[PDB]
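Asker: For reference, the file model.cif (mmCIF, C-alpha atoms) is included below:
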```cif
data_coords
loop_
_atom_site.label_atom_id
_atom_site.label_comp_id
_atom_site.auth_asym_id
_atom_site.auth_seq_id
_atom_site.Cartn_x
_atom_site.Cartn_y
_atom_site.Cartn_z
CA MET A 1 -11.06 -18.86 -7.46
CA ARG A 2 -13.05 -16.29 -9.44
CA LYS A 3 -10.41 -13.90 -10.78
CA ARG A 4 -6.67 -14.59 -10.90
CA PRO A 5 -5.78 -10.87 -10.90
CA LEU A 6 -6.95 -8.28 -8.36
CA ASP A 7 -6.77 -4.60 -7.44
CA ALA A 8 -4.65 -4.99 -4.31
CA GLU A 9 -2.56 -7.39 -6.39
CA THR A 10 -1.72 -4.77 -9.01
CA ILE A 11 -0.51 -2.19 -6.49
CA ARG A 12 1.05 -4.80 -4.20
CA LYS A 13 2.94 -6.36 -7.11
CA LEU A 14 4.06 -2.98 -8.45
CA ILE A 15 5.53 -1.98 -5.09
CA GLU A 16 6.93 -5.45 -4.40
CA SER A 17 8.90 -5.19 -7.64
CA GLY A 18 9.92 -1.58 -7.14
CA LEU A 19 11.07 -1.82 -3.53
CA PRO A 20 13.88 -4.21 -2.50
CA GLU A 21 12.91 -6.19 0.59
CA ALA A 22 9.80 -4.12 1.30
CA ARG A 23 6.53 -5.85 2.17
CA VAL A 24 3.21 -4.39 1.03
CA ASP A 25 -0.27 -5.66 1.90
CA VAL A 26 -3.51 -4.13 0.64
CA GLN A 27 -7.03 -5.40 1.34
CA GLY A 28 -10.20 -3.81 0.00
CA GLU A 29 -10.91 -2.06 -3.29
CA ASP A 30 -10.54 1.20 -5.21
CA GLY A 31 -13.04 3.99 -4.57
CA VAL A 32 -13.77 2.53 -1.14
CA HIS A 33 -12.42 2.39 2.41
CA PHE A 34 -9.68 -0.24 2.50
CA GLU A 35 -6.73 -1.16 4.71
CA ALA A 36 -3.20 -1.26 3.28
CA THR A 37 -0.15 -1.92 5.45
CA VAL A 38 3.26 -1.23 3.92
CA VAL A 39 6.65 -1.95 5.49
CA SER A 40 9.93 -0.57 4.15
CA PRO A 41 13.17 1.15 5.24
CA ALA A 42 12.24 4.22 3.21
CA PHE A 43 10.07 5.32 6.13
CA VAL A 44 13.13 5.08 8.38
CA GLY A 45 12.77 7.07 11.58
CA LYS A 46 10.34 9.61 10.14
CA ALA A 47 8.09 9.11 7.11
CA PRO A 48 7.94 12.36 5.11
CA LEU A 49 5.24 13.31 2.60
CA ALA A 50 7.46 11.74 -0.05
CA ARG A 51 6.99 8.21 1.28
CA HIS A 52 3.43 8.85 2.46
CA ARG A 53 2.29 10.19 -0.91
CA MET A 54 4.43 7.64 -2.76
CA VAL A 55 2.51 4.76 -1.18
CA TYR A 56 -0.85 6.51 -1.48
CA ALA A 57 -0.20 7.16 -5.16
CA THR A 58 1.16 3.69 -5.93
CA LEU A 59 -1.81 2.20 -4.08
CA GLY A 60 -4.16 4.15 -6.33
CA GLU A 61 -6.39 5.76 -3.72
CA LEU A 62 -7.62 8.90 -5.49
CA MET A 63 -7.71 6.96 -8.76
CA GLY A 64 -11.05 5.46 -7.78
CA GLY A 65 -12.48 7.84 -5.21
CA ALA A 66 -11.78 6.06 -1.94
CA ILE A 67 -13.13 7.57 1.28
CA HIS A 68 -11.04 9.26 3.98
CA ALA A 69 -11.54 5.98 5.85
CA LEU A 70 -8.18 4.78 4.53
CA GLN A 71 -5.90 2.89 6.92
CA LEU A 72 -2.20 2.93 6.06
CA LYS A 73 0.82 2.37 8.31
CA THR A 74 4.45 2.98 7.37
CA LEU A 75 6.99 1.05 9.44
CA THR A 76 10.61 -0.02 8.96
CA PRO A 77 11.64 -3.47 7.66
CA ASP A 78 13.04 -4.30 11.10
CA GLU A 79 9.59 -3.98 12.67
CA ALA A 80 8.51 -6.96 10.58
#
```
Could you rewrite the structure in this file as structure tokens?
Answerer:
Amino acid sequence: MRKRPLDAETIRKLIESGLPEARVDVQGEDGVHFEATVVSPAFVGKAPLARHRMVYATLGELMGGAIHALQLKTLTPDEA
């Protein structure tokens, strides 16, 4: 225990509260290559730029200067 709060916690919490039964998991840091896996019905069937950008924006990727080495997967809540 060094810091109660955390980067991935801020974005994860924000989405967790926004989305209904959607699960979001982010591991890494801003301005760096991290892996964030989000699962929600919004990306049903096909995940348009709306959902893709929505997660990328809420996960604050360009807010720090992360590298293109960003791993993000959008799957339905049933695939959980």
Asker: What lies within 7 Å of range 39-42 of chain A using only C-alpha atoms, ignoring chain neighbours under 2 positions off, as a ChimeraX atom specification?
Answerer: /A:22-24,37,44,51,74-77
Asker: Env of residue 31 in chain A: 10 Å cut, atoms = all atoms listed in the file, seq-sep filter 2 positions within chain, self excluded. Answer as a list in words.
Answerer: residues 28, 29, 33, 34, 60, 61, 62, 63, 64, 65, 66 and 67 of chain A
Asker: Could you save those same residues with C-alpha atoms as a PDB file, keeping the file's coordinate frame?
Answerer:
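The resulting file, result_11.pdb, is shown below:
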```pdb
ATOM      1  CA  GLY A  28     -10.200  -3.810   0.000  1.00  0.00           C
ATOM      2  CA  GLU A  29     -10.910  -2.060  -3.290  1.00  0.00           C
ATOM      3  CA  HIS A  33     -12.420   2.390   2.410  1.00  0.00           C
ATOM      4  CA  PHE A  34      -9.680  -0.240   2.500  1.00  0.00           C
ATOM      5  CA  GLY A  60      -4.160   4.150  -6.330  1.00  0.00           C
ATOM      6  CA  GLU A  61      -6.390   5.760  -3.720  1.00  0.00           C
ATOM      7  CA  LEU A  62      -7.620   8.900  -5.490  1.00  0.00           C
ATOM      8  CA  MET A  63      -7.710   6.960  -8.760  1.00  0.00           C
ATOM      9  CA  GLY A  64     -11.050   5.460  -7.780  1.00  0.00           C
ATOM     10  CA  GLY A  65     -12.480   7.840  -5.210  1.00  0.00           C
ATOM     11  CA  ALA A  66     -11.780   6.060  -1.940  1.00  0.00           C
ATOM     12  CA  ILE A  67     -13.130   7.570   1.280  1.00  0.00           C
TER      13      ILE A  67
END
```
Asker: Using all atoms of range 65-68 of chain A that appear in the file, construct an axis-aligned enclosing box with 3 Å of padding on every side and provide its centre coordinates and edge lengths in Å, rounded to one decimal, as lines of an AutoDock Vina configuration file.
Answerer:
```
center_x = -12.1
center_y = 7.7
center_z = -0.6
size_x = 8.1
size_y = 9.2
size_z = 15.2
```
Asker: For this structure, which residues satisfy the selection - the PyMOL selection byres ((chain A and resi 8) around 8) - when it is evaluated on the file as given? I want them as a count of residues only.
Answerer: 12
Asker: Can you tell me how far CA of residue 17 in chain A sits from CA of residue 57 in chain A, in Å to one decimal?
Answerer: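 Computing it gives 15.5 Å between the two atoms.
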Asker: CA of residue 47 in chain A and CA of residue 80 in chain A, how far apart in Å?
Answerer: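 CA of residue 80 in chain A sits 16.4 Å away from CA of residue 47 in chain A.
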Asker: Could you check the closest approach to residue 19 in chain A for each of A:69, A:48, A:58, A:78 and tell me which residue wins, using all atoms listed in the file?
Answerer: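 Using all atoms listed in the file, residue 19 in chain A sits closest to A:58.
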Asker: Please indicate the distance in Å from CA of residue 53 in chain A to CA of residue 79 in chain A, rounded to one decimal place.
Answerer: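 Answer for the CA of residue 53 in chain A to CA of residue 79 in chain A separation: 20.9 Å.
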Asker: Taking all atoms listed in the file into account, which of A:49, A:32, A:55, A:38 comes nearest residue 70 in chain A?
Answerer: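 Under the stated criterion, the closest residue is A:32.
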